[PDB]
Every structure is written in structure tokens, then in C-alpha cells.
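S.K.: Residue numbers (PDB author numbering): 3 to 169. By construction, the Cβ of each residue, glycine as well, lies at the ideal position given by its N, Cα and C atoms. What follows is a single structure, and I will ask about it in a moment.
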Amino acid sequence: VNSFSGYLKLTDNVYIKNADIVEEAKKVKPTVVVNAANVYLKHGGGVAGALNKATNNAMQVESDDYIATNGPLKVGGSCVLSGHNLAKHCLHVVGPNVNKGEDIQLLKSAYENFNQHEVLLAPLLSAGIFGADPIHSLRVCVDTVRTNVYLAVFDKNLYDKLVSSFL
Ligand SMILES: O=C(O)[C@@H]1CCCN1S(=O)(=O)c1cccc2c1NSN2
Numbered sequence: 003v004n005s006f007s008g009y010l011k012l013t014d015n016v017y018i019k020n021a022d023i024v025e026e027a028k029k030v031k032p033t034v035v036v037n038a039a040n041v042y043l044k045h046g047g048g049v050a051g052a053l054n055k056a057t058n059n060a061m062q063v064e065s066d067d068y069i070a071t072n073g074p075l076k077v078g079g080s081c082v083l084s085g086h087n088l089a090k091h092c093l094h095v096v097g098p099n100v101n102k103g104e105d106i107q108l109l110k111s112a113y114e115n116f117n118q119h120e121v122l123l124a125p126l127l128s129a130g131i132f133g134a135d136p137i138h139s140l141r142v143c144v145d146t147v148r149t150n151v152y153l154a155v156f157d158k159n160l161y162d163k164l165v166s167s168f169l
């Protein structure tokens, strides 16, 4: 039993809700919140920009030190950093950004990072300003993640389409 509330159950391990991931995180304080990161951990917009704003830019400060030490992530890769005031940890995951021409096949690799964590609060990878088809992102999530994932979808309209079209 966990404190995630109001989620629809899609499969044995995947749950979904219309919610602002920032407000979900502040309420639940999950062990892991997933960020929709880019390889430079530049948290400018979309989920990343919102999550960082909620940390008063502390996420960006920590991220800049990470990059200065380690260099950029790989597309499809991840790193674990602090969750600041939102969660114990933040798993920064880089899905392919279609608007940069990146290989959508890398979306499966991106979701594989979730399997290193027993429970996560997450957005759909490569959705929103990353330009991928969210119905496809949900499908890849369900077919790749085996650990317990709680998906927050910001747009109420989009949520209804994902539920109604879920096979
Ligand atoms: O729901 C949305 O408006 C957009 C468009 C498609 C998916 N999302 S999102 O970019 O992942 C996103 C951005 C900021 C906050 C949250 C989400 N999801 S949940 N909270």
C-alpha cells in the first residue's frame, strides 16, 4: 500500500491520473519523481522547467554541478539526483526529442531506467514539448516498465484520450 490516490489502474503495475506532477509530488513526497530531462540538464520548460521552478532553482544549481563533473547524459539515459522539496530523489530521464530529430526507438531505452526503482511518479516520456505521440509513449511505458509507475498527465483533455484509447 502507498499514498498515491485517485489513479486509474491500466495494468498490473501502471497507474494514470490527470494531475500536475508538481502538485502530485508536493502532496505525496514520493521516493522518486521522474524529470523529463534533456542531455544538458537544462530545465527550461515543460515538466523540467516546472519541477525546477518548484525547487526555487535548486534543481538547476545541482544539475549544473553534475554536468560540470560528468558531462552530458545520453539520449535514453538517466541520472539520480536530489528530489529537493518534491521527493527523496529525482530520476532525470532523457527521452528522445522528436523536434531535434532523435530516434524514437530510444524511448524504450529511456523507460528501461524506471526498472531500477520499485515505485515512481512520472510523466509520459517524450510527451509535451518533446514532440512524440503520447499514445505511443503510454504504450511503450506499459510494455517496458515492470516496476510500479504512477503517471501524472497535466492536460485533462489528453488524459481522457489516453484512457479511452488504451488497449
Ligand atoms: O499534460 C500536459 O499539459 C502536457 C502535454 C502532454 C503531457 N503533458 S507534460 O508535458 O508531460 C506535463 C507538463 C507539465 C506538468 C505536467 C505534465 N504532465 S503531468 N504534469
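Taking only three categories from DSSP, how would you classify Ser166?
M.R.: It is helical.
S.K.: By Cβ distance below 6 Å, which residues in the same chain neighbour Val100 in space, the five residues on each side in sequence not counted?
M.R.: The answer, listed in chain order, is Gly133 and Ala134.
S.K.: Which residues have a Cβ closer than 7 Å to any heavy atom of ligand 1, listed in chain order?
M.R.: Selection output, chain order preserved: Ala21, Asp22, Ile23, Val24, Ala38, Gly48, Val49, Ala52, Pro125, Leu126, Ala129, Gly130, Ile131, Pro136, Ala154, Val155, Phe156, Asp157 and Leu160.
S.K.: How about the region 112-128 and the region 33-48: do they share at least three Cβ pairs that are nearer than 8 Å?
M.R.: Yes, they touch.
S.K.: For a test of the three-state rule: what should DSSP assign to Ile106, helix, strand or coil?
M.R.: In this structure, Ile106 counts as coil in the three-state DSSP scheme.
S.K.: Look at the alpha carbon of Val41 and the alpha carbon of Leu75, and state the distance between them as a whole number of angstroms.
M.R.: Each residue's Cα considered, the two are about 5 Å apart.
S.K.: Helix, strand or coil for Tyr42? Go by DSSP, reduced to three states.
M.R.: Coil.
S.K.: How would you write the range of the alpha helix (DSSP H) that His138 sits in, first residue to last?
M.R.: Counting along the chain, the alpha helix (DSSP H) containing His138 begins and ends at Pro136 to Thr146.
S.K.: Look at the Cβ atom of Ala38, then the Cβ atom of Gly97, and state whether they are nearer than 9 Å.
M.R.: It is a contact, given that the beta carbons lie within the stated cut-off.
S.K.: If we require 4 or more residues per run, which alpha helix (DSSP H) segments fall completely within the region 32-104?
M.R.: Listed in chain order, the complete alpha helix (DSSP H) runs (minimum 4 residues) inside the region 32-104 are 48-56 and 60-72.
S.K.: Just how far apart, CA to CA, sit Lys29 and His91?
M.R.: In a straight line, the C-alpha of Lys29 is about 15 Å away from that of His91.
S.K.: Count the other CB atoms, across all protein chains shown, that sit within 10 Å of the CB of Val142; report buried if there are 16 or more and exposed otherwise.
M.R.: It counts as buried.
S.K.: Report buried or exposed for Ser111, applying the criterion of at least 16 other Cβ atoms within 10 angstroms of its Cβ.
M.R.: Buried, because 16 or more other Cβ atoms sit within 10 Å of the Cβ of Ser111.
S.K.: When you compare only the Cα positions, how much space is there between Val24 and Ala70?
M.R.: So the two alpha carbons sit approximately 27 Å from each other.
S.K.: In the DSSP assignment, what residue or residues form a beta bridge with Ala154?
M.R.: Its beta-bridge partners are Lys19.
S.K.: Give me the DSSP bridge partner(s) of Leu122.
M.R.: According to DSSP, which records beta bridges pairwise, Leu122 is partnered with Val151.
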